[PDB]
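A short worksheet on the structure shown next.
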Amino acid sequence: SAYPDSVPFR
Amino acid sequence: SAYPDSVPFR
Amino acid sequence: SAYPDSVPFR
Amino acid sequence: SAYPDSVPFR
Amino acid sequence: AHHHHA
Amino acid sequence: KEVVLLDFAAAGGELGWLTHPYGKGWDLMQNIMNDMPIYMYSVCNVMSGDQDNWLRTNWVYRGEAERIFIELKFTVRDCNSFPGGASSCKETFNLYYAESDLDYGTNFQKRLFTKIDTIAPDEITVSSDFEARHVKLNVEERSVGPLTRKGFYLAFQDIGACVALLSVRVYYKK
Amino acid sequence: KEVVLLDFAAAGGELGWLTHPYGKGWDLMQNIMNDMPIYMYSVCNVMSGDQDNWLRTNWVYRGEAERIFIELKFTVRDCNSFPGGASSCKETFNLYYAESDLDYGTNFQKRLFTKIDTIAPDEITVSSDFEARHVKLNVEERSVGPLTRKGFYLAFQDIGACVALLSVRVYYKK
Amino acid sequence: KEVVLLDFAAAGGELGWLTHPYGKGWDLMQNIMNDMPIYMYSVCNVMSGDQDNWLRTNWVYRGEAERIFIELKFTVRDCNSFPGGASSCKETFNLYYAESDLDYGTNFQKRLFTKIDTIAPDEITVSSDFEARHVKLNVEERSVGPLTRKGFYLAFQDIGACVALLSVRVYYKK
Amino acid sequence: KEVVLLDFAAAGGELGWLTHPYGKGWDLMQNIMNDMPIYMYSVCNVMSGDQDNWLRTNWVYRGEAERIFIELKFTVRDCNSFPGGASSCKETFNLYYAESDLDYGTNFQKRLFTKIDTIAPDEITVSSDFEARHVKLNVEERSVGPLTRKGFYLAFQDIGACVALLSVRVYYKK
């Protein structure tokens, strides 16, 4: 991850 | 992340 | 065309 | 072909 | 410090 | 009088519009004849069952425009020119639009496009005319409004037709 | 007085920027740590060797701007937080630009972009900080002129770094 | 007594399995934990929306096999780990298969695959254990026969879960 | 006695070979000259400029074959048919091969295939012949040995030519 708690967005 | 410390592979 | 009457096939 | 003498452009 | 570009 | 917002014929295929699905459907073609280069978006996946190809333009800034006018020039091949021309082939394509306050970029959702009208050719080109470089180019013109957002997108939907798009012109009156 | 030409954080991650190559490299990520989500373009191919992943913005209408200011907010993970950090991972990325009189759409040619500067973090974030919900965010800014053509694109090259682009802002004073 | 037809973990993560759609969905991941490289296929588009990400194996030669046994090792993240992970997030994945006499290559037709069973995990990995290095890996085995043709494929469908497929093994008894 | 390892013509164009780059290059074309259709892999990016389009076969099991024979059936258009006699167009294509002990699947890498030979046509089909439903079908056979691993791959590189690959046959003698 490059940023914490990051999910792919649409 | 689905498995910790995991990067894309070739 | 590289061949006469050729359509893309699925 | 939809137009004659047509070829993929860049 | 600050940079400008041509 | 007429102030143009977008003219596809002007840019020598410089525009590189969005295609969907990625890798199939609409493709940017080139026709050099007598050393006069002509560009177009065309698709002829006629016999490959049921199709749903999309062609979206780039973000066009609306401006003071309120009621814009769309001019399309195109060539649609007669379905009878292909064996298995029943059900498989169509002779029309669709024109959609979508308003936007900002450039959505590559973010293309076809569920966000409203239909303007089905675009039908007055003259379909048959094999004899096609092989003799006498394709008949149709001209259709539609209008849509009122647009209330900073910009808009134009969309072209193929549903199994053999179409070539040679020109789009969108403008308004002053 | 600042006139904003393009602001990434402003849009709800709706700009849908172009990424090369298709499928890998840069991606559009989302973080929910509050009612207001935080959108970003992140990439982290640290151990696949040499990377060449590009991220290109939309077409930015220059307007009356002579020169412009490019403000970037980003985070970069310390390579020492990865197995065999160096060689695998880098701690910088490259910022490019290219002027264009018209919108080129999906057409992307890497050889048409001029390097602005190599962007480096004043603060890298380490695992101990990253396994906590704390990130050290860097602010970098560049200016560039004189621009002549009607518009311009911005590009972001990756060479195998864990970088999260949280905000871009291009504007001009008055 | 057990004859292996395929073992993903055996090959050094170099199988180039097909993913659908192109680019999006499943991804080949690499885990270097204490200098011992672990390979897996991961997908985690939990917030994204309606998901239909397909992973297909290569062409598996049947040989003298009649009833084959499929063993899968995987991890499924607790949906409660992600806020906004309701309706969007799932906690299972499906397993498909299809027989064929010839290697169909990249010709991926999902409508031809036949479902075996919904694969559910005996143990989900809560963030507490995921933040630590103790994720909980499930093992599931399925039988299917009688197979009659020269070869067969195995398909994995993600419908919106954080799944990490670490190991597959298909064999028959003798 | 001949033992065929792979015959594209034999199967009803269902092999779905790998194509690089994705979207452009080679393509699976179909033709109805008789009630039974004809399948092929065609490419014709002539006036586009320099092209680097690769077409890779499935994983072919070597078996006990020592030296294999590769029978090609193809057609090539005369470059004098297109605007600009040459530089734009080429009249040949290259043949490649790559041995491997296991199936790489979709894992393609240009640097791994070894060039066998430039496949030149005995006869090029002119416009007057091509505008009629008559084509000059070339036949070229190449052999390669000794093979050492469990299997191998075959690749076909396009370099701005107008080629339609109607049939390939790789086999060995007893």
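Swiss-Prot numbering applies to chain F: residues 27-200, in that order.
So this one's X-ray crystallography, 3.2 Å, going by the header.
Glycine is no exception: its Cβ is also placed from the backbone N, Cα and C atoms.
Copied over from Swiss-Prot, here are the features:
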- F:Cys70-F:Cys188: disulfide bond (DISULFID)
- F:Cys105-F:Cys115: disulfide bond (DISULFID)
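The most densely surrounded of the disulfide-bonded residues F:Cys70, F:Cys105, F:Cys115, F:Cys188, judged by C-beta neighbours within 10 angstroms, is F:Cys188. Following the DSSP three-state reduction, the secondary structure of F:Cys115 (disulfide bond) is coil. A straight line from the CA of F:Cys115 (disulfide bond) to the CA of F:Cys70 (disulfide bond) spans 9 Å.
On the backbone, the CA of F:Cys70 (disulfide bond) and the CA of F:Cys105 (disulfide bond) stand 11 Å apart. F:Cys105 (disulfide bond) and F:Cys188 (disulfide bond) are 8 Å apart (CA-CA, integer value).
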